[PDB]
Undergrad: 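Here's a structure for you.
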Amino acid sequence: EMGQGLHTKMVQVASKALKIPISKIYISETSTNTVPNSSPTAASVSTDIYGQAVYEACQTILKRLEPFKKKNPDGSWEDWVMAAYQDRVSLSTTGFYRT
Amino acid sequence: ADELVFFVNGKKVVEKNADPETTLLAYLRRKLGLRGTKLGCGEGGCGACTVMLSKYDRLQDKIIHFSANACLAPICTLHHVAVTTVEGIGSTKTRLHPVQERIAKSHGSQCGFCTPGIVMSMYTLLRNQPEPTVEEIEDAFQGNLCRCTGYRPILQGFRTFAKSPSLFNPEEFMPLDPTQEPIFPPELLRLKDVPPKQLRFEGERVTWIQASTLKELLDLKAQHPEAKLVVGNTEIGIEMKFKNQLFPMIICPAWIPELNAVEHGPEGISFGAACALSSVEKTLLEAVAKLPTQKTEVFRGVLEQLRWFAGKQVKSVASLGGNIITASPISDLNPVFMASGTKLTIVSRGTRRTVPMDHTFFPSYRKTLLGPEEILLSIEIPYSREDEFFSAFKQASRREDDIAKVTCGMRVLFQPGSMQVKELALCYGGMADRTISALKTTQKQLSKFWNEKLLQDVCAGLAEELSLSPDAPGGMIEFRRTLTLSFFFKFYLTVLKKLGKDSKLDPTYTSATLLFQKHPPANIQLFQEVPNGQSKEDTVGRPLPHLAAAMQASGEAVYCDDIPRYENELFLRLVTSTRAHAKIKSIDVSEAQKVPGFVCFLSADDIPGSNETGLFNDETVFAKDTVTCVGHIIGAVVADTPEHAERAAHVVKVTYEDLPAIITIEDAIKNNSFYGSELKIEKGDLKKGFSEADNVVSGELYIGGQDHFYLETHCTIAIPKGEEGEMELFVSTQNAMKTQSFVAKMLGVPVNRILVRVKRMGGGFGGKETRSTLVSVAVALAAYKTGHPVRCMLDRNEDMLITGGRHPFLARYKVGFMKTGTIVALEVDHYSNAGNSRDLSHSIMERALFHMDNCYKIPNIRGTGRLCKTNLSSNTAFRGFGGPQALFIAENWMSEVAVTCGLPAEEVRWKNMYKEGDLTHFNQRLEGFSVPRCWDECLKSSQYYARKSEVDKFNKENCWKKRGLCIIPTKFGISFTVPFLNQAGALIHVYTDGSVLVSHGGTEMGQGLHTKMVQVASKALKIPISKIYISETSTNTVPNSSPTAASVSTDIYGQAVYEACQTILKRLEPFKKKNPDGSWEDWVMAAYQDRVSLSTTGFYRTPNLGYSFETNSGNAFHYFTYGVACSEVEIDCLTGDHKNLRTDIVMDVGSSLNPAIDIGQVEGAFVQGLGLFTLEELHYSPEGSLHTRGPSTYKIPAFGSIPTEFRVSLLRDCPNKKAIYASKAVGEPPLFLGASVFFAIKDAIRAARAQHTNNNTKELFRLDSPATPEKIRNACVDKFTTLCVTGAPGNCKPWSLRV
Amino acid sequence: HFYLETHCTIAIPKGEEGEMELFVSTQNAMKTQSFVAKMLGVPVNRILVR
Amino acid sequence: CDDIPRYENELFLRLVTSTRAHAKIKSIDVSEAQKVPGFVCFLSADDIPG
Ligand SMILES: Cc1cc2nc3c(=O)[nH]c(=O)nc-3n(C[C@@H](O)[C@@H](O)[C@H](O)COP(=O)(O)OP(=O)(O)OC[C@H]3O[C@@H](n4cnc5c(N)ncnc54)[C@H](O)[C@@H]3O)c2cc1C
Ligand SMILES: Nc1nc2c(c(=O)[nH]1)N[C@H]1C(S)=C(S)[C@@H](COP(=O)(O)O)O[C@H]1N2
Ligand SMILES: O=C(O)c1ccccc1O
Ligand code: MOS
Ligand code: MOS
Ligand code: FES
Ligand code: FES
Ligand SMILES: [Ca+2]
């Protein structure tokens, strides 16, 4: 983030893909121990490619939460996440994109 | 004056404004930034702060080197002294010193917090003796404690300085070359030819005057009688730090030559009052070696005491004058100086007198017959005369560096060549509030002859004259009185032997006159070599040392508090309750606010979020309205320095209104005070079982608690980022996830705002899996409120008081068995003291129930469990998690079954043992039950049967010493008994240079988990471990992690890491195929260029788990880890002390991922269990106030506590398909094996009781844990214990009898 | 460029295995990481750029 | 970046740069710099470990 609002946009994207308020999503910083071998933030494509990578990681999460959502359709995002946790289903995932 | 000049690692230090209250430790860490030296207790008992001091000695015209505790050394005593820390002898950036290299490569370093101090003790030794003996090497560590290793490796590695595969190879060690050692600071050498001048230092509250001459000392004292002298500061330092003592004016007379003079006169040897005890020891040893035995009787007595007097660090700074004038009730020297009428030369300006120390020298508590203007100039220890004999004895809890329970000095003068008493003096310590002489008793024996009648008359006299009321401070009334008579008995016999000339006693009575004797160590470790075809780069199964061992030995390894503080960082001090249960009526911070640097007082009202916390939302972050235990956190003070925060907090005044308190398990039962309902597992038919049973035994047993005593106490640094409630914390915890959510809950912000990072812990052992949040949340609140970073590291006393420990257990049992020993029915009701909150108490009781069978098949069985809710700090996880308590209870009734049946214990245990395929009481199948092999193998390698003979023989030839032998098995179920915790995540990145960064949910606390994880990654990816790295554990890399516990970390994280590596391998596969002959680096780069992601997570969920208490079905564990231990001991029936002669252990850890780490885990766990069952004991006042708050009173196993012959074997060819690379969890399983020592002791006591107690061979006497010297001695009933019968003395027979 | 915030870097040496954590005003954490590692002569996994 | 609080022991670096567009570096003298209060060290090419 250098003022172009990339994090704002990635939160907006994650929020849509996951179908939850942006208020439940947060981006703290950029670091080499969370995401390695990253290209520089340049070429005006950051939204294009990181938006895609964030999207993919979100789909993964959604696929893992599916069974719980299907079991408790009227439940809350919070109910599904906890149920997923209690069932020892991983709640962490990478996402990647290649133009 | 004004300027203080000294050196640290060869560098000159000039302090222009030295504050008399500043310790070297603080100065090194804060001022110089040298964090290698650690704070472990600030009490002188752990040695973690050990450093070397060097100076020019004007007398020996030589540079001398000695060790010292930086925590007790005032920098104001260090003018013109050269200090050497761990970073001054070597480092991984330059080159490690042999001492550092060897302790690291010998696997002598685990969590590594104690390593720097032990390194410096060894270094100091070598600096004095380049080729020390094995005995000198062990004695070098009398003042150093380690909680992880079990000590064996440290000694064995250092043994190389003296003079099947191996864990390390001594042939690769770099030779010690003293010519390459750091040279004494040249500048200091010049300053040696300049006469000392009085120096003056002015601090915030204290003024220090370093007197250069005797005249200056006297003038100052004549002018300022209040002035407190200080030499070694090993007493004053304690008084100021722990007794709230403040001395505005201090005078250090250490430089005065008159106070350092040593003179050999006609009547004895005189020492200046400032001479260090180590100097006295040296001079006296020489005198004893050069002079005739008949003249060194008294010197020998002093040497016996010095032998067990603190450690090298304290004896090298503690002075003679200091010990005498401190006038402590438990001084080990004053009773000796008194009994020998040692001469004291006391002076004052214009006056001078010399008197023999006698009973009058100590009028009352902490006082002497010194005038306020007088100072002790010198002491002359008397030469022994003809017909004059002397003895000195000391009995404490632990042999090394411990406080005396009872200590004494004994002397007798006979008429020329007669056995007729001319003079007799029996002086004791620990029997009153001062050193006393049993004058009434001794006066009656004047002119009497040394015989049986005199022995009886003296014992009866002592029992009467040295009485103790039921409220005597320190308790242990029966034990202490028994020791006073036992010591005399030992003196009596010794004198007989001496009068017998020798240059005769019943042979069975001879060992009673013998002083403690060390025995040559003999350690052997057996493990399996890796398959010959295995690749060199595949380290799984190899004895790879801990990845951080070298950095831990060099002091470069960073622990939480070693992290530099920010320019604006503040310090936090918790304000806790001093009442077990009361309403908080008022909190006054008026005085606290006046303390310099005061920033603020935090309480429940300051919490922005919720004040409800705890694993079960059972607790408050800050007590509101009421306190429910001593130590209950009420609030906290934030200040500019640690000192100021501590001072401010101390004066925070809380007014209370007591409420009825429930302290003990018995209390809880009576009041029906419990958490939840009864826990129970029942199988078979009890009524039927007891019916078919030939015999039936009932009883009650108790197991005391235990303090984790991790060398590094609790600690947290909280960094507020000032954005969106974000906070980054560095914490010493095994549970980053709970830390994160508890901080978030208290603050009222989303969990994604909190980042918790754990690089490593200097030990955890379960004490940091939940209770670490008590500090983390409070520090987080401080950071939130001030907007400044804040940190807090607990002092030892706060840690032991507040953080909880192992759950004490009380058990009521009843067992049915056949005359053959077979068990047919068992009923056990367990009760645990849980404290003022639930925490992990429920799961702990569950694990207890799961192990109430140990390794025995019991057809009809019923075990229940109740959690006692009490007004004590909440107890929690501790290596074993309930298993040791339940296993101990099991082995106890099992031992009584053998005794009752009159059959060999090993025989009774074997026929009751489970067999492959059996089901446990909770119906789980035992597959791959390897106890049998461990058992037969241990029996054989230990030579059990043959030694059973050696023991019986010894017991026939010895009357006041006995031996015991016992072989014990164990099984420990592996997995968290809470299903959902059996999950693990990992995250791995491969950078474009091919280096790999691995991250997993587990934390490093010294157990070698990261090391094992790197080994697993290297094998899985088929690349060298040198290309892989693990930096830390953090919530932003691997979320929702289970606490690092239950011994399953390697199992589950190993699997998650493995999976992550598979995915990596899958992605690189296409490139490896394209370029087969290429390198790992070529493939990675190619993958990167083709835009293939080199980052992935890994996850693992342990399969088939889910036990139900309702249906008594389902698998509670993934598999079991097994082991067997045989220990042999020798007890002193007269004092309670005992030797752990030998122990043999055979452990089944499947195919070990690292035999150095495993084995290190086996030895470490065994020693902690050893401590739990025989040495460690916590004492509380009737009101629930913990007395035992430091290493001085809480004695964990020391270097000299381990079995002299310590042999460990890892079972061969026993792959476990239920875990990563066929390995097995090892963390907790071996701990209970320490009980083998407890039962060997019980065996010995049985022999002693058959010797002087009853005649009832099948007698079943109760022995609770820990089997401390008190319990051992009281159990050895004899004519002495009878004359000391607590209460019911010879004066209390009832008027009538007949029910 | 005239970014209102000029170039800036904070480098924190951890004292272990060449580890270093850096807080930098940069659009390229990867290259900062590798260039720092190249200059120091240590594996890239030792350097953390935030 | 620079808003991040400094550690109690944090130091500061100031780059030493060329005043010529193209030239051989004949000599470098830090004798005057060494006398400035607070001076810690001057780093040059030979200090690079990698
Ligand atoms: C971990 C640890 C273990 C210990 N173990 C033992 C043990 O096994 N047995 C035992 O007996 N003690 C033990 N002690 C206490 C022992 O170290 C002190 O008694 C020591 O001998 C005191 O000498 P010092 O020079 O440190 O005294 P200081 O702390 O300086 O204290 C001395 C006190 O004596 C006064 N004083 C000192 N010198 C003189 C003088 N010349 N003339 C007049 N007054 C004087 C001071 O004013 C002060 O009141 C231990 C202490 C620690 C911290
Ligand atoms: N050196 C050291 N070893 C240790 C501990 C420790 O704190 N320090 N904790 C013990 C406890 S209580 C457990 S549960 C396991 C923890 O790690 P693991 O699951 O990998 O074996 O290690 C054991 N070994
Ligand atoms: O079973 C365990 O050993 C255990 C340990 C820590 C927390 C919960 C648990 O069930
Ligand atoms: O010039 Mo922008 O592509 S960084
Ligand atoms: O007692 Mo260890 O399960 S943390
Ligand atoms: S901290 Fe100095 S002896 Fe423990
Ligand atoms: S390695 Fe010694 S206390 Fe941890
Ligand atoms: Ca509890």
Side-chain angles (χ1 to χ4, degrees), chain B residues 101-110 148-160 164-174 521-547 549-550 930 933-934 936-938 940-942 1007-1008 1011-1016 1018-1019 1024-1026 1050 1054 1121-1125 1143-1166 1202-1203 1205-1216 1219-1226 1229-1230:
Chain B
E101 168 185 54
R102 303 191 193 191
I103 190 164
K105 291 189 173 184
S106 291
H107 314 299
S109 181
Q110 278 185 40
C148 304
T149 69
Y151 303 104
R152 191 240 92 218
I154 297 176
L155 287 175
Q156 179 153 29
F158 287 163
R159 195 162 302 151
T160 58
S164 65
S166 287
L167 289 182
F168 67 93
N169 172 23
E171 285 189 55
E172 52 170 276
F173 292 171
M174 173 175 77
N523 313 306
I524 297 168
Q525 303 85 52
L526 297 179
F527 60 99
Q528 182 152 47
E529 179 65 72
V530 298
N532 185 64
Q534 186 169 313
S535 172
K536 182 186 65 193
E537 306 197 320
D538 178 354
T539 66
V540 181
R542 301 185 190 280
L544 172 63
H546 191 294
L547 294 177
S930 66
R933 291 185 60 193
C934 293
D936 291 308
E937 259 185 55
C938 189
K940 184 174 188 184
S941 65
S942 68
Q1007 85 279 49
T1011 296
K1012 278 174 176 187
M1013 290 303 93
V1014 160
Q1015 285 184 268
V1016 169
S1018 159
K1019 173 182 182 61
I1025 56 166
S1026 68
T1050 306
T1121 289
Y1122 310 95
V1124 173
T1143 286
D1144 295 277
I1145 299 170
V1146 181
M1147 205 80 196
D1148 162 27
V1149 296
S1151 300
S1152 179
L1153 295 186
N1154 187 319
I1157 303 320
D1158 299 347
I1159 285 205
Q1161 285 298 290
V1162 170
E1163 295 177 315
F1166 178 84
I1202 71 180
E1205 305 201 22
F1206 205 2
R1207 293 175 172 183
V1208 174
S1209 302
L1210 298 179
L1211 188 61
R1212 294 177 58 85
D1213 308 309
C1214 54
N1216 165 43
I1220 182 68
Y1221 293 139
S1223 59
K1224 281 193 165 190
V1226 66

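Below, chains carry the letters A, B, ... as their sequence lines are ordered, and counting in each starts from 1. Just so you know, these numbers use all the heavy atoms, side chains as well, and skip hydrogens, waters and symmetry mates.
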Undergrad: What are the two closest non-hydrogen atoms of B:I1202 and B:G150, and how far apart are they?
TA: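 Result for this residue pair: CG2-O, 3.1 Å.
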Undergrad: Quick one: does any side-chain atom of B:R933 pair with a main-chain N or O of B:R1212 as donor and acceptor, under 3.5 Å?
TA: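 It does hold such a pair.
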Undergrad: Which heavy-atom pair separates B:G1150 from B:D1148 by the least distance, and what is that distance?
TA: N-OD1, 2.9 Å
Undergrad: Is the closest side-chain heavy-atom distance between B:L1153 and B:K1019 below 4.5 Å?
TA: no
Undergrad: Is the closest side-chain heavy-atom distance between B:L1211 and B:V1149 below 4.5 Å?
TA: no
Undergrad: Side chains of B:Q1007 and B:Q1161: closer than 4.5 Å at any heavy-atom pair?
TA: yes
Undergrad: How far apart are the closest heavy atoms of B:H546 and B:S109, and which atoms are they?
TA: CB-O, 4.1 Å
Undergrad: Taking B:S1151 for its side chain and B:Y1221 for its backbone only, find out whether a donor-acceptor pair lies under 3.5 Å.
TA: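 No; zero donor-acceptor contacts below 3.5 Å.
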Undergrad: Enter the distance from B:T1050:OG1 to B:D1158:CG here, rounded to the nearest 0.5 Å.
TA: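 It is 7.5 Å, given to the nearest 0.5 Å.
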Undergrad: As a quick check of understanding, evaluate side chain to side chain contact (heavy atoms under 4.5 Å, CB included) for B:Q1015 and B:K1012, giving each step before the final call.
TA: CA-CA 5 Å; B:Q1015 285 184 268; B:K1012 278 174 176 187; 4.1 Å; yes
Undergrad: Just do the side chain to side chain contact (heavy atoms under 4.5 Å, CB included) check on B:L544 and B:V1014 with the steps written out, would you?
TA: CA-CA 11 Å; B:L544 172 63; B:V1014 160; 6.0 Å; no
Undergrad: In Å and rounded to the nearest 0.5 Å, what is the OG1 to CZ distance from B:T1143 to B:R1207?
TA: 11.5 Å
Undergrad: How long is the span from the CD atom in B:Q528 to the OG atom in B:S1152, to the nearest 0.5 Å?
TA: 10.5 Å
Undergrad: Between B:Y151 and B:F1206, does the ring centre distance come in under 6.0 Å?
TA: no
Undergrad: So, taking the atom named OG in B:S930 and the one named CE in B:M1147, what distance separates them when rounded to the nearest 0.5 Å?
TA: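 Reported to 0.5 Å precision, the distance equals 9.0 Å.
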Undergrad: Determine whether a donor-acceptor pair (N or O, by modelled atom type, separation under 3.5 Å) exists between the side chain of B:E937 and the backbone of B:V1146.
TA: no
Undergrad: If you take all heavy atoms of B:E1163 and B:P153, which pair is closest and at what distance?
TA: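 Result for this residue pair: OE1-CD, 3.9 Å.
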Undergrad: Is the backbone of B:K1224 close enough, under 3.5 Å, to the side chain of B:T1121 for a donor and an acceptor to pair up by distance?
TA: no
Undergrad: Looking only at heavy atoms, which two atoms of B:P543 and B:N1154 are closest? And how far apart?
TA: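 So the minimum-distance heavy-atom pair works out to CA-OD1, 3.7 Å.
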Undergrad: Less than 4.5 Å apart, any side-chain heavy atom of B:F527 and any of B:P165?
TA: yes
Undergrad: When rounded to the nearest 0.5 angstrom, what is the spacing between OG1 in B:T149 and NE2 in B:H107?
TA: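 Interatomic distance, B:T149 OG1 to B:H107 NE2, rounded to 0.5 Å: 12.5 Å.
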Undergrad: Check B:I1145 against B:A1125 and note the closest heavy-atom contact, atom names and distance.
TA: CG1-CB, 3.9 Å
Undergrad: Here's a test for you: under side-chain contact (heavy atoms from CB on, under 4.5 Å), which of B:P1229, B:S1223, B:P1230 qualifies with B:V1226?
TA: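 Answer after filtering B:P1229, B:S1223, B:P1230: B:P1230.
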Undergrad: Kindly indicate, with the supporting measurements, whether the criterion side chain to side chain donor-acceptor pair (under 3.5 Å) is fulfilled by B:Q525 and B:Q156.
TA: CA-CA 11 Å; B:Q525 303 85 52; B:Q156 179 153 29; 3.2 Å; yes
Undergrad: Would you please say whether a donor-acceptor pair under 3.5 Å links the side chains of B:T160 and B:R102?
TA: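 Note: B:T160 and B:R102 side chains meet the donor-acceptor criterion.
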Undergrad: Hey, could you give me the CD/OG distance between B:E101 and B:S106, rounded to the nearest 0.5 Å?
TA: 9.0 Å
